[PDB]
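Accompanying notes for the structure given below.
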Amino acid sequence: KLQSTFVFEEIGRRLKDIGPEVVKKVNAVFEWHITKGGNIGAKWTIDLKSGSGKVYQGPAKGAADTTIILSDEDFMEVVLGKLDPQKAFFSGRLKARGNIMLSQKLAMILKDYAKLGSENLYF
Ligand SMILES: COCCOCCOCCOc1ccc(C(C)(C)CC(C)(C)C)cc1
Ligand SMILES: COCCOCCOCCOc1ccc(C(C)(C)CC(C)(C)C)cc1
Ligand SMILES: [Cu+2]
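Okay, so the sequence shown: first residue is 5 according to the authors' numbering, each after it adds one.
Right, dumping it as structure tokens:
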């Protein structure tokens, strides 16, 4: 019953327009625990430490630099721009473990699509 799955799947293709530039600026692994009810429904890893990046189901193959835990609905609230991640973090709806600062980066980076998309041009 998970809507985030669409977002994570679509992310794998976005990294073809954006991957190599994100990896250069982030250089870290991110694990995501999506919860339905109060139970984990899906786990996702966004590896941004090599190449254009990787997104795969399940816990981080290696050790993850940061892990984020939030409900499936709230995850949609965030990716749609309605729920600021820090507001969710301090209200308790979003939980973050590891290097929080690196997730706040992944956030700034991906909100500026123009810089990294053009820098990903070969021409
Ligand atoms: C707004 O700048 C990004 C330009 O590309 C967006 C095209 O997609 C339509 C907008 O809907 C989306 C799609 C994907 C996303 C995610 C969550 C995958 C973030 C992204 C596109 C930066 C990887 C957010 C909104
Ligand atoms: C010290 O800061 C205190 C508040 O901490 C907030 C921690 O942030 C949690 C994660 O922040 C995010 C939120 C969304 C995202 C995106 C939208 C880029 C994730 C995505 C593209 C995988 C949907 C990245 C990082
Ligand atoms: Cu922001």
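Here a beta-carbon is modelled for each residue, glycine too, at the ideal position from N, C-alpha and C.
Contacts around residue i, its chain only, beta-carbon distance under 7 Å, and the 5 residues preceding and following it disregarded
i: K58; result: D51
Nearest-angstrom Cα separation, counted from residue j out to residue i
i: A118; j: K40; result: 34 Å
i: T9; j: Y126; result: 31 Å
i: residue 4; j: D76; result: For residue 4 there is no data in the structure shown, the boundaries of the chain being 5 and 127.
i: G16; j: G55; result: 13 Å
i: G121; j: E14; result: 16 Å
i: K53; j: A68; result: 11 Å
i: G85; j: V11; result: 13 Å
i: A111; j: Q7; result: 20 Å
i: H37; j: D78; result: 12 Å
i: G96; j: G42; result: 13 Å
Helix, strand or coil at residue i [DSSP, three-state]
i: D69; result: coil
i: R97; result: coil
i: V33; result: strand
i: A46; result: strand
i: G62; result: coil
i: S122; result: helix
i: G102; result: strand
i: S107; result: helix
i: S8; result: helix
i: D51; result: strand
i: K40; result: strand
Cβ neighbours of residue i in the same chain (closer than 8 Å, five flanking residues each side left out)
i: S107; result: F34, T70, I72, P89, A100
i: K47; result: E35, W36, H37, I38, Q61, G62, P63
i: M80; result: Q7, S8, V11
Residues near residue i in its chain [Cβ-Cβ closer than 6 Å; skip 5 each side]
i: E123; result: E25
Any heavy atom of ligand 2 within less than 6 Å of residue CB: hits in chain order | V11, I15, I50, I72, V82, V83, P89, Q90, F93, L98, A100, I104, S107, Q108, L110, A111, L114
Is the stretch 19–31 touching the stretch 60–67, taking contact as three or more C-beta pairs under 8 Å?
-> no
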